[PDB]
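Encoded as structure tokens, the structure appears first; notes follow it.
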Amino acid sequence: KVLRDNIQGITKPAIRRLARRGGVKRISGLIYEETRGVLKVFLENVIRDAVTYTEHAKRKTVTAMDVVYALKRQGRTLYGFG
Amino acid sequence: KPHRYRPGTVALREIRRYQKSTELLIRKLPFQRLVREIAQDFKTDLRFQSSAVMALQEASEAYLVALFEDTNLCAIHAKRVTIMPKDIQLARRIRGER
Amino acid sequence: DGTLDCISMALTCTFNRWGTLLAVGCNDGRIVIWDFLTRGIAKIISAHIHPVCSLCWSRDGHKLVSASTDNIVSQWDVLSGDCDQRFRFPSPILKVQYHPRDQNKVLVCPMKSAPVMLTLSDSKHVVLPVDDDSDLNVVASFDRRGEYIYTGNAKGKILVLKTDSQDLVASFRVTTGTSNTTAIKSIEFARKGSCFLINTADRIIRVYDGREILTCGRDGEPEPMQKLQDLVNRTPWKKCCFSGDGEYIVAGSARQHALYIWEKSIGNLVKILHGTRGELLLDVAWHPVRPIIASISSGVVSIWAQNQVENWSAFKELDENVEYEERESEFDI
Amino acid sequence: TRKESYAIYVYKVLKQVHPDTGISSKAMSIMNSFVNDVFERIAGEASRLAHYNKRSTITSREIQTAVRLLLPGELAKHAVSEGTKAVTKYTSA
DNA sequence: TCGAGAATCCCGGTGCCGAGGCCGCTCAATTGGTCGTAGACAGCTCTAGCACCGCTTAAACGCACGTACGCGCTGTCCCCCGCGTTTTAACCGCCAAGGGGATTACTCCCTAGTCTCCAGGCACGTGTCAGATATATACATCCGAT
DNA sequence: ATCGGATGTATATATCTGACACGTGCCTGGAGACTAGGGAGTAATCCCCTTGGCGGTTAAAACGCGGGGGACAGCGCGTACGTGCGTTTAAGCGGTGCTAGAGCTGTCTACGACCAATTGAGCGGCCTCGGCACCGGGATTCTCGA
């Protein structure tokens with residue numbers, strides 16, 4: 001089960017929904033994929049670092065506390081998950 | 001005669017209701033599939049908590065709306081209502097993301 | 001790139017064995033056999049009152065199998081135009097296909113029922129098996145030599161049977177990448193070699209080599225030789241076909257009435273041909289021994305050839321400036 | 001597994017400030033995570049300053065100083081006063 | 001600009017499960033000795049800071065002035081907003097298997113802690129050249145006439 | 001687009017030197033050796049969350065489709081800003097001198113450390129029920145053509 005191309009699984013309607021939440025009126029097309037890239041790049045770090053935790057955790061499943069400590073180490077800490 | 005609201009107006013109300021709403025704006029399964037696809041790059045066949053991936057998507061979308069927000073702001077400083085990729089790039093640049 | 005005014009209601013066409021004649025079906029239900037060299041119609045056959053949606057030449061070229069929309073299949077001698085045999089079924093026929101090495105045999109893909117292989121000598125029929133028993137839409141095709149039958153269902157399942165015993169000689173389900181199936185739109189083979197292609201509902205053409213499926217066995221994971229798509233427009237493919245040699249592949253974007261041309265080995269897009277933006281693309285075929293491509297759109301046929309550097313460019317023609325190589329005795333007597 | 005939290009004291013101080021109010025358990029967990037965050041913050045800063053002071057004993061002076069380093073303006077002032085009053089009360093007996 | 005229409009606000013009613021309250025059931029908090037010790041404190045240095053003051057000068061402030069980017073306005077293109085339609089797969093609900101996560105119980109390898117001794121590190125002198133500085137020079141580059 | 005002149009800058013040179021590489025004697029942290037405990041590691045067990053699939057829905061995404069709206073390009077002007085040259089000014093060297101306060105040592109002592117004995121504050125688990133979420137419907141208000 002080898003996955004691929006779920007990045008475009010991000011719908012442009014979803015992107016513009018997030019933008020409207022951010023309070024944006026007019027948007028260009030060139031953004032979305034660009035956006036996506038950033039998205040990827042962003043998560044590009046955390047999961048790895050997260051599984052890095054799981055790396056040292058010696059476990060096969062990945063937990064929330066992983067990304068908790070990541071975002072912490074990434075200076076983007078989050079609440080509500082222990 | 002058919003009626004059509006002026007441009008932005010509908011999107012304006014969308015902005016208003018989205019600042020009104022708080023839930024996610026991304027379909028769960030596509031995001032999850034994307035996450036697992038990214039995961040197999042570093043190591044294959046890794047499991048996850050639904051809570052974990054919910055956290056991933058929430059935190060992502062938060063970062064994303066923040067990026068959209070300050071890029072909107074920059075575009076204000078760009079005196080345009082349309083967004084330009086360079087706005088996002090330079091925003092990351094100021095965000096130290098370059 | 002060249003059309004024909006002499007035929008109307010073009011719906012489906014089929015090259016003969018040597019790419020000399022073209023039998024096109026019309027809405028009136030007539031066969032128009034048009035010739036390439038004389039560039040004129042060679043024959044008109046009153047096939048059906050119902051339009052013809054499936055047409056195939058015999059190996060000797062003396063027989064053509066035609067399928068009406070009235071679920072009426074009929075064999076016709078190309079010299080005479082007589083209805084050699086005629087049969088009718090339920091679940092209207094989607095396709096017919098002569099057996100490439102036995103013109104007596106012909107496979108038929110109906111709409112809702114399983115494909116059945118009949119013979120002309122004896123009016124018998126062999127119903128080919130169905131994996132999931134609930135596909136209701138399975139395309140099927142002989143291989144290049146007619147030794148195996150490739151059947152693809154609406155659920156991405158692919159069965160390779162042997163043409164004589166209908167025994168399952170190979171099997172595998174194609175994926176949409178993640179975990180899902182896709183409706184097998186069509187299965188095509190190469191008239192040369194063993195590479196074949198699959199058009200699927202994912203708008204992604206998958207090129208394989210049948211030997212790899214045979215060695216993959218039943219219920220295996222055979223990878224495609226190539227994956228081909230319009231990454232730019234994500235366009236469906238109404239009809240696709242190989243080149244005559246089998247190293248070029250064309251797809252018909254009926255969404256925008258265009259033609260995409262990729263290679264086989266590399267798979268890079270050779271080119272794109274744009275038709276009338278107002279025409280609805282219907283049928284696509286390649287000349288079996290020529291870089292000529294027949295297209296049927298809005299009942300009109302167009303021809304797309306490909307010529308060499310000559311026909312005016314043949315002194316000794318060169319492309320770029322040539323520095324003269326002076327000799328030792330270049331100035332000597 | 002015996003897991004420790006503070007949501008009970010959250011409910012307590014809530015009733016102390018708002019008796020007629022409910023909370024989402026989600027919000028309780030968020031607040032508790034916040035408690036943990038501020039606790040680790042102040043503790044690390046105190047240990048670090050004591051290291052700068054080469055002190056192996058973290059006392060209330062360290063507490064107040066580190067809070068002042070962390071909290072801004074009247075937040076810090078009120079917090080300092082409150083901790084002072086509380087340690088005074090405890091030391092009174 | 002006064003209506004039409006449309007998205008929204010609010011009201012009542014329905015049904016729910018999380019918020020909460022209470023109940024067994026501890027282990028972690030308290031209490032009380034007891035002990036070695038962190039530092040609190042006193043009491044010395046000394047030195048680095050703190051200010052003083054003079055001398056030289058590179059530097060700073062302001063002027064005048066060209067000028068050229070900022071800004072403001074116009075018209076165009078194209079393009080993204082809005083709406084309509086068609087397709088789909090996220091979701092949701094349910095099921096199921098197992099594989100990992102967490103647990104506990106042993107078991108013991110390794111580290112903390114102690115004591116001994118000394119040798120690498122550190123403060124401290126000590127010549128000494130990398131480079132700082134100044135000068136004349138040769139090369140690069142702008143700015144304006146042609 | 002070029003040449004000439006102005007000017008600013010990279011270079012070689014000379015010497016001065018003060019950081020700086022280098023070496024010392026002396027100190028103590030590091031090594032070496034020895035003892036204990038017990039954190040860590042392993043293993044068998046349980047659970048149970050996850051990962052997988054299956055079917056129905058539609059809200060949502062895809063895609064198309066004008067089309068007004070602004071991105072943008074250009075174009076005038078003008079004010080504000082570089083600049084080079086004036087001016088005056090504190091900045092820096094430097095060296096002086098006092099000591100307030102760091103910065104060090106030597107106590108001695110209160111103060112957790114720690115352990116042991118005790119337990120009730122708190123936490124997992126179990127009802128429970130009511131704000132809250134959803135829904136439908138009615139009334140309100142923005143907006144786009146007069």
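Residue names in the structure tokens use chain letters A, B, ... in the order shown, residue numbers from 1 in each chain, and ligand numbers from 1 in the order shown.
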
**Q.** Residue neighbourhood residue 84 (chain D), 9 Å, only C-alpha atoms (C1' of nucleotides), exclusion window fewer than 4 positions, as a PyMOL selection string
**A.** chain D and resi 60+64+79-80+88-89

Contact set, chain F to chain A: 9 Å, only C-alpha atoms (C1' of nucleotides), as a PDB file with N, CA, C and O atoms (P, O5', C5', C4', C3', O3' and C1' of nucleotides), in the first residue's frame:
ATOM      1  P    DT F  50      -5.837   4.793  17.952  1.00  0.00           P
ATOM      2  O5'  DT F  50      -5.492   3.539  17.040  1.00  0.00           O
ATOM      3  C5'  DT F  50      -4.166   3.053  16.991  1.00  0.00           C
ATOM      4  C4'  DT F  50      -3.907   2.315  15.692  1.00  0.00           C
ATOM      5  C3'  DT F  50      -4.431   3.003  14.446  1.00  0.00           C
ATOM      6  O3'  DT F  50      -3.668   2.601  13.346  1.00  0.00           O
ATOM      7  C1'  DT F  50      -5.582   0.998  14.732  1.00  0.00           C
ATOM      8  P    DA F  60     -20.506  21.395   3.101  1.00  0.00           P
ATOM      9  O5'  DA F  60     -19.516  20.804   2.006  1.00  0.00           O
ATOM     10  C5'  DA F  60     -18.895  19.557   2.240  1.00  0.00           C
ATOM     11  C4'  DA F  60     -17.963  19.209   1.107  1.00  0.00           C
ATOM     12  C3'  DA F  60     -17.166  20.382   0.557  1.00  0.00           C
ATOM     13  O3'  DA F  60     -15.881  19.948   0.230  1.00  0.00           O
ATOM     14  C1'  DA F  60     -18.418  19.420  -1.167  1.00  0.00           C
ATOM     15  P    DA F  61     -14.763  21.006  -0.205  1.00  0.00           P
ATOM     16  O5'  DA F  61     -14.325  20.507  -1.643  1.00  0.00           O
ATOM     17  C5'  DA F  61     -13.836  19.202  -1.796  1.00  0.00           C
ATOM     18  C4'  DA F  61     -13.753  18.851  -3.256  1.00  0.00           C
ATOM     19  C3'  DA F  61     -13.029  19.889  -4.105  1.00  0.00           C
ATOM     20  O3'  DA F  61     -12.118  19.251  -4.981  1.00  0.00           O
ATOM     21  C1'  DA F  61     -15.227  19.535  -4.937  1.00  0.00           C
TER      22       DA F  61
END

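Excluding residue 3 (chain B) itself and any same-chain residue fewer than 3 positions from it, the protein and nucleic acid residues within 12 Å of it, counting only C-alpha atoms (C1' of nucleotides), are residues 6 of chain B; 4, 5, 6, 82 and 83 of chain E; 143, 144 and 145 of chain F.
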
Those same residues, written as a PDB file, in the first residue's frame with C-alpha atoms (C1' of nucleotides)?
ATOM      1  CA  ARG B   6     -21.484  41.592  -6.708  1.00  0.00           C
TER       2      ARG B   6
ATOM      3  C1'  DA E   4     -37.111  42.308  -3.567  1.00  0.00           C
ATOM      4  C1'  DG E   5     -34.842  39.273  -2.317  1.00  0.00           C
ATOM      5  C1'  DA E   6     -31.517  36.839   0.279  1.00  0.00           C
ATOM      6  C1'  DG E  82     -20.230  34.113  -7.828  1.00  0.00           C
ATOM      7  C1'  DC E  83     -23.468  30.966  -9.195  1.00  0.00           C
TER       8       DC E  83
ATOM      9  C1'  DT F 143     -27.677  44.734  -1.248  1.00  0.00           C
ATOM     10  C1'  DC F 144     -28.351  45.599  -5.528  1.00  0.00           C
ATOM     11  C1'  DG F 145     -31.469  47.795  -9.216  1.00  0.00           C
TER      12       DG F 145
END

Q: Determine which residues of chain A sit within 8 Å of chain C, taking into account only C-alpha atoms, and present them as a PyMOL selection string.
A: chain A and resi 1-4

Q: Find the residue from B:73, B:78, B:94, B:46 that sits nearest to chain A; use only C-alpha atoms when measuring.
A: B:46

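Minimum atom-to-atom distance to residue 42 (chain A), evaluated using only C-alpha atoms, belongs to B:98 out of B:98, B:43, B:27, B:80.
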
For the contact check between chain B and chain A, emit one row per residue of chain B within 6 Å, containing the shortest atom pair and the distance in Å rounded to one decimal, counting only C-alpha atoms, chain then rising number order, as CSV.
residue,atom,partner,partner_atom,distance
B:15,CA,A:20,CA,4.2
B:18,CA,A:21,CA,4.8
B:19,CA,A:21,CA,5.3
B:26,CA,A:14,CA,5.8
B:30,CA,A:9,CA,5.6
B:34,CA,A:6,CA,4.7
B:37,CA,A:3,CA,5.0
B:46,CA,A:60,CA,5.4
B:47,CA,A:61,CA,3.9
B:48,CA,A:62,CA,4.5
B:49,CA,A:63,CA,5.5
B:52,CA,A:64,CA,3.9
B:65,CA,A:22,CA,4.9
B:68,CA,A:22,CA,5.6
B:69,CA,A:22,CA,4.7
B:72,CA,A:24,CA,5.9
B:81,CA,A:26,CA,5.3
B:82,CA,A:26,CA,4.3
B:83,CA,A:27,CA,4.7
B:85,CA,A:31,CA,5.4

Q: Please return as a ChimeraX atom specification: the residues of region 39-280 of chain C that backbone DSSP assigns to alpha helix (DSSP H).
A: /C:210-216

Q | Counting only C-alpha atoms (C1' of nucleotides), chain B residues within 8 Å of chain E, as number ranges by chain | A | B: 4-8, 10-11, 27-30

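Every residue of chain C that lies within 12 Å of chain F is listed here, counting only C-alpha atoms (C1' of nucleotides): residues 179, 180, 233, 234, 235 and 255 of chain C.
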
Just the residues within 12 Å of residue 115 (chain E), please, counting only C-alpha atoms (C1' of nucleotides), with nothing from its chain fewer than 3 positions along; format it as a PDB file with C-alpha atoms (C1' of nucleotides), in the first residue's frame.
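Listing of result_3.pdb after writing:
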ATOM      1  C1'  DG F  32      42.087   4.385  38.669  1.00  0.00           C
ATOM      2  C1'  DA F  33      40.137   1.140  41.770  1.00  0.00           C
ATOM      3  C1'  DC F  34      36.308  -0.595  44.528  1.00  0.00           C
ATOM      4  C1'  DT F  35      31.085  -1.242  46.258  1.00  0.00           C
TER       5       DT F  35
END

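Across the model, the gap from CA of residue 207 (chain C) to CA of residue 224 (chain C) is 5.2 Å.
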
Q: Excluding residue 72 (chain F) and any residue of its chain fewer than 5 positions from it, enumerate the residues within 12 Å of it, using only C-alpha atoms (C1' of nucleotides), and give them as a VMD selection string.
A: (chain B and resid 79 to 80) or (chain E and resid 74 to 78)

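Here CA of residue 50 (chain C) is placed at a distance of 22.1 Å from CA of residue 118 (chain C).
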
Q.
I'd like to know which of F:75, F:59, F:135, F:54 is closest to residue 14 (chain E), using only C-alpha atoms (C1' of nucleotides).
A. F:135

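Within the 12 Å cut-off around residue 31 (chain D), using only C-alpha atoms (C1' of nucleotides) and omitting residues fewer than 6 positions from it on the same chain, the listed residues are residues 78, 79, 80, 81 and 82 of chain A; 5, 6, 7, 8, 9, 10, 11, 14, 23, 24, 25, 37 and 38 of chain D.
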
Can you write just those residues out, N, CA, C and O atoms, as a PDB file, in the first residue's frame?
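Full text of part24.pdb as output:
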ATOM      1  N   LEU A  78       0.962  23.455  21.394  1.00  0.00           N
ATOM      2  CA  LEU A  78      -0.479  23.313  21.297  1.00  0.00           C
ATOM      3  C   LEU A  78      -0.998  22.713  22.591  1.00  0.00           C
ATOM      4  O   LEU A  78      -0.270  22.024  23.307  1.00  0.00           O
ATOM      5  N   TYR A  79      -2.257  22.982  22.894  1.00  0.00           N
ATOM      6  CA  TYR A  79      -2.871  22.490  24.110  1.00  0.00           C
ATOM      7  C   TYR A  79      -3.978  21.494  23.794  1.00  0.00           C
ATOM      8  O   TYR A  79      -4.449  21.377  22.662  1.00  0.00           O
ATOM      9  N   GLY A  80      -4.384  20.767  24.831  1.00  0.00           N
ATOM     10  CA  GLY A  80      -5.529  19.890  24.741  1.00  0.00           C
ATOM     11  C   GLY A  80      -5.238  18.453  24.393  1.00  0.00           C
ATOM     12  O   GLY A  80      -6.136  17.757  23.905  1.00  0.00           O
ATOM     13  N   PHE A  81      -4.013  17.979  24.600  1.00  0.00           N
ATOM     14  CA  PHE A  81      -3.706  16.599  24.254  1.00  0.00           C
ATOM     15  C   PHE A  81      -2.795  15.953  25.286  1.00  0.00           C
ATOM     16  O   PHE A  81      -1.972  15.099  24.943  1.00  0.00           O
ATOM     17  N   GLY A  82      -2.930  16.345  26.545  1.00  0.00           N
ATOM     18  CA  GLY A  82      -2.085  15.812  27.593  1.00  0.00           C
ATOM     19  C   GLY A  82      -0.795  16.595  27.712  1.00  0.00           C
ATOM     20  O   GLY A  82      -0.663  17.667  27.121  1.00  0.00           O
TER      21      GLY A  82
ATOM     22  N   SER D   5      -3.755  15.187  37.658  1.00  0.00           N
ATOM     23  CA  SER D   5      -4.151  16.385  36.933  1.00  0.00           C
ATOM     24  C   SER D   5      -4.525  17.452  37.953  1.00  0.00           C
ATOM     25  O   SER D   5      -4.134  17.378  39.121  1.00  0.00           O
ATOM     26  N   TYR D   6      -5.273  18.455  37.505  1.00  0.00           N
ATOM     27  CA  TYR D   6      -5.648  19.563  38.368  1.00  0.00           C
ATOM     28  C   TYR D   6      -7.077  20.027  38.127  1.00  0.00           C
ATOM     29  O   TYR D   6      -7.516  20.987  38.773  1.00  0.00           O
ATOM     30  N   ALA D   7      -7.817  19.356  37.240  1.00  0.00           N
ATOM     31  CA  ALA D   7      -9.145  19.819  36.858  1.00  0.00           C
ATOM     32  C   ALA D   7     -10.061  19.967  38.060  1.00  0.00           C
ATOM     33  O   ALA D   7     -10.983  20.788  38.038  1.00  0.00           O
ATOM     34  N   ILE D   8      -9.836  19.185  39.112  1.00  0.00           N
ATOM     35  CA  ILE D   8     -10.624  19.347  40.326  1.00  0.00           C
ATOM     36  C   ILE D   8     -10.371  20.718  40.934  1.00  0.00           C
ATOM     37  O   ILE D   8     -11.306  21.438  41.301  1.00  0.00           O
ATOM     38  N   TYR D   9      -9.104  21.112  41.023  1.00  0.00           N
ATOM     39  CA  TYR D   9      -8.795  22.437  41.535  1.00  0.00           C
ATOM     40  C   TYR D   9      -9.225  23.511  40.555  1.00  0.00           C
ATOM     41  O   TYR D   9      -9.540  24.633  40.964  1.00  0.00           O
ATOM     42  N   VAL D  10      -9.270  23.179  39.266  1.00  0.00           N
ATOM     43  CA  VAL D  10      -9.843  24.094  38.286  1.00  0.00           C
ATOM     44  C   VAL D  10     -11.299  24.372  38.613  1.00  0.00           C
ATOM     45  O   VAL D  10     -11.729  25.526  38.677  1.00  0.00           O
ATOM     46  N   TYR D  11     -12.081  23.313  38.805  1.00  0.00           N
ATOM     47  CA  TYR D  11     -13.480  23.465  39.187  1.00  0.00           C
ATOM     48  C   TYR D  11     -13.602  24.236  40.493  1.00  0.00           C
ATOM     49  O   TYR D  11     -14.490  25.082  40.650  1.00  0.00           O
ATOM     50  N   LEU D  14     -12.818  27.849  39.904  1.00  0.00           N
ATOM     51  CA  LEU D  14     -13.922  28.344  39.097  1.00  0.00           C
ATOM     52  C   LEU D  14     -15.091  28.738  39.977  1.00  0.00           C
ATOM     53  O   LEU D  14     -15.559  29.881  39.944  1.00  0.00           O
ATOM     54  N   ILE D  23     -17.785  23.884  32.268  1.00  0.00           N
ATOM     55  CA  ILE D  23     -16.606  23.854  31.418  1.00  0.00           C
ATOM     56  C   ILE D  23     -16.687  22.640  30.508  1.00  0.00           C
ATOM     57  O   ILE D  23     -17.303  21.625  30.847  1.00  0.00           O
ATOM     58  N   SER D  24     -16.091  22.761  29.326  1.00  0.00           N
ATOM     59  CA  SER D  24     -15.852  21.601  28.486  1.00  0.00           C
ATOM     60  C   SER D  24     -14.626  20.867  29.004  1.00  0.00           C
ATOM     61  O   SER D  24     -13.597  21.489  29.286  1.00  0.00           O
ATOM     62  N   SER D  25     -14.737  19.544  29.147  1.00  0.00           N
ATOM     63  CA  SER D  25     -13.579  18.753  29.547  1.00  0.00           C
ATOM     64  C   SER D  25     -12.400  19.026  28.636  1.00  0.00           C
ATOM     65  O   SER D  25     -11.247  19.032  29.083  1.00  0.00           O
ATOM     66  N   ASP D  37       2.569  24.051  31.288  1.00  0.00           N
ATOM     67  CA  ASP D  37       3.483  24.894  30.529  1.00  0.00           C
ATOM     68  C   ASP D  37       4.094  25.963  31.422  1.00  0.00           C
ATOM     69  O   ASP D  37       5.319  26.122  31.474  1.00  0.00           O
ATOM     70  N   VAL D  38       3.250  26.712  32.128  1.00  0.00           N
ATOM     71  CA  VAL D  38       3.780  27.782  32.961  1.00  0.00           C
ATOM     72  C   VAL D  38       4.646  27.208  34.068  1.00  0.00           C
ATOM     73  O   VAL D  38       5.659  27.812  34.448  1.00  0.00           O
TER      74      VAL D  38
END

Set the distance at 12 Å and use only C-alpha atoms (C1' of nucleotides): which residues neighbour residue 26 (chain F) once local chain neighbours fewer than 3 positions away are removed? I'd like the list as a PDB file with N, CA and C atoms (P, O5', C5', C4', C3', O3' and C1' of nucleotides), in the first residue's frame.
ATOM      1  P    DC E 118      51.275   9.598  42.708  1.00  0.00           P
ATOM      2  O5'  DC E 118      51.146  10.440  41.357  1.00  0.00           O
ATOM      3  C5'  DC E 118      50.570   9.843  40.207  1.00  0.00           C
ATOM      4  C4'  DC E 118      50.066  10.901  39.246  1.00  0.00           C
ATOM      5  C3'  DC E 118      51.014  12.076  39.014  1.00  0.00           C
ATOM      6  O3'  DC E 118      50.889  12.520  37.682  1.00  0.00           O
ATOM      7  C1'  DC E 118      48.994  12.882  39.823  1.00  0.00           C
ATOM      8  P    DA E 119      51.877  11.959  36.548  1.00  0.00           P
ATOM      9  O5'  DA E 119      50.912  11.688  35.308  1.00  0.00           O
ATOM     10  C5'  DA E 119      49.505  11.705  35.494  1.00  0.00           C
ATOM     11  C4'  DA E 119      48.873  12.871  34.755  1.00  0.00           C
ATOM     12  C3'  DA E 119      49.775  13.566  33.750  1.00  0.00           C
ATOM     13  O3'  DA E 119      48.989  14.153  32.733  1.00  0.00           O
ATOM     14  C1'  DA E 119      49.257  15.064  35.464  1.00  0.00           C
ATOM     15  P    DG E 120      49.597  14.346  31.262  1.00  0.00           P
ATOM     16  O5'  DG E 120      48.506  15.239  30.512  1.00  0.00           O
ATOM     17  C5'  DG E 120      47.154  14.825  30.483  1.00  0.00           C
ATOM     18  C4'  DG E 120      46.244  15.932  30.977  1.00  0.00           C
ATOM     19  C3'  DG E 120      46.241  17.196  30.126  1.00  0.00           C
ATOM     20  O3'  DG E 120      44.956  17.797  30.165  1.00  0.00           O
ATOM     21  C1'  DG E 120      47.015  17.720  32.276  1.00  0.00           C
ATOM     22  P    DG E 121      44.609  19.040  29.212  1.00  0.00           P
ATOM     23  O5'  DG E 121      44.343  20.234  30.232  1.00  0.00           O
ATOM     24  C5'  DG E 121      43.201  20.206  31.074  1.00  0.00           C
ATOM     25  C4'  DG E 121      43.198  21.387  32.024  1.00  0.00           C
ATOM     26  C3'  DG E 121      43.301  22.756  31.359  1.00  0.00           C
ATOM     27  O3'  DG E 121      42.640  23.723  32.152  1.00  0.00           O
ATOM     28  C1'  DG E 121      45.162  22.437  32.722  1.00  0.00           C
ATOM     29  P    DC E 122      42.399  25.214  31.599  1.00  0.00           P
ATOM     30  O5'  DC E 122      41.924  26.011  32.897  1.00  0.00           O
ATOM     31  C5'  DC E 122      42.356  25.582  34.178  1.00  0.00           C
ATOM     32  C4'  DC E 122      43.347  26.565  34.767  1.00  0.00           C
ATOM     33  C3'  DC E 122      43.454  27.897  34.024  1.00  0.00           C
ATOM     34  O3'  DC E 122      43.396  28.955  34.949  1.00  0.00           O
ATOM     35  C1'  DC E 122      45.590  26.954  34.322  1.00  0.00           C
ATOM     36  P    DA E 123      42.982  30.429  34.469  1.00  0.00           P
ATOM     37  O5'  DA E 123      43.983  31.368  35.277  1.00  0.00           O
ATOM     38  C5'  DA E 123      44.151  31.168  36.667  1.00  0.00           C
ATOM     39  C4'  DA E 123      45.568  31.495  37.087  1.00  0.00           C
ATOM     40  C3'  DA E 123      46.024  32.910  36.740  1.00  0.00           C
ATOM     41  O3'  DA E 123      46.690  33.485  37.845  1.00  0.00           O
ATOM     42  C1'  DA E 123      47.544  31.332  35.859  1.00  0.00           C
ATOM     43  P    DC E 124      47.243  34.988  37.753  1.00  0.00           P
ATOM     44  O5'  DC E 124      48.718  34.813  37.162  1.00  0.00           O
ATOM     45  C5'  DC E 124      49.589  33.828  37.705  1.00  0.00           C
ATOM     46  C4'  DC E 124      50.908  33.812  36.959  1.00  0.00           C
ATOM     47  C3'  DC E 124      51.338  35.170  36.393  1.00  0.00           C
ATOM     48  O3'  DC E 124      52.710  35.401  36.651  1.00  0.00           O
ATOM     49  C1'  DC E 124      51.414  33.551  34.720  1.00  0.00           C
TER      50       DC E 124
END
